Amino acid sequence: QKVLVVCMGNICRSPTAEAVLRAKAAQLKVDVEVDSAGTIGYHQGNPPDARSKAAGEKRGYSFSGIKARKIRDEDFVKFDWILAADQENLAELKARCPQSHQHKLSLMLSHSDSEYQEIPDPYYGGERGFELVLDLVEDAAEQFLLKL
């Protein structure tokens, strides 16, 4: 089984989700491959945001092997789950994904019993927003991996 998390730039939200899912999958002994991508390629080839990386490493998560990339047509066929950070991400995915694979698309937090439906973009904000992404992702990752 393979899971792809998608945000806009693939530098803050989806890399954090991928790091947490990877670490929790290993702890929970769930054999799943995880990856992430963005809807845009502005950050193509970049490591995760240094604040995102620092904040995650604070909780023990490794961001090794994560570099920003744009989503490919081949992603919709390759992955079994494609999880969007927010509704704009999901709209982009819905537009690009073949009809046959539309069933694979969902908001990441649709798999979390949380007052949040979307993961807010921490990029232009302070430290609170980076801690928020982690809080949301840890909970969603725990509940989602349980469902798998």
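In case it trips you up, residue 1 is the first one in the sequence shown, and so on.
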Could you settle it for me: does 127 to 135 or 8 to 16 have the higher average Cα B factor in the PDB entry?
-> 127 to 135
Mind pulling up the entry and telling me whether 44 to 52 or 117 to 125 has the higher mean Cα temperature factor?
-> 44 to 52
Highest CA temperature factor in the entry: which of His103, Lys94, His111, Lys29?
-> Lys29
Thinking about Cα B factors across the chain, which third does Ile66 belong to?
-> highest
When the modelled residues of the chain are sorted by Cα temperature factor, does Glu33 land in the lowest, middle or highest third?
-> highest
When the modelled residues of the chain are sorted by Cα temperature factor, does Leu145 land in the lowest, middle or highest third?
-> middle
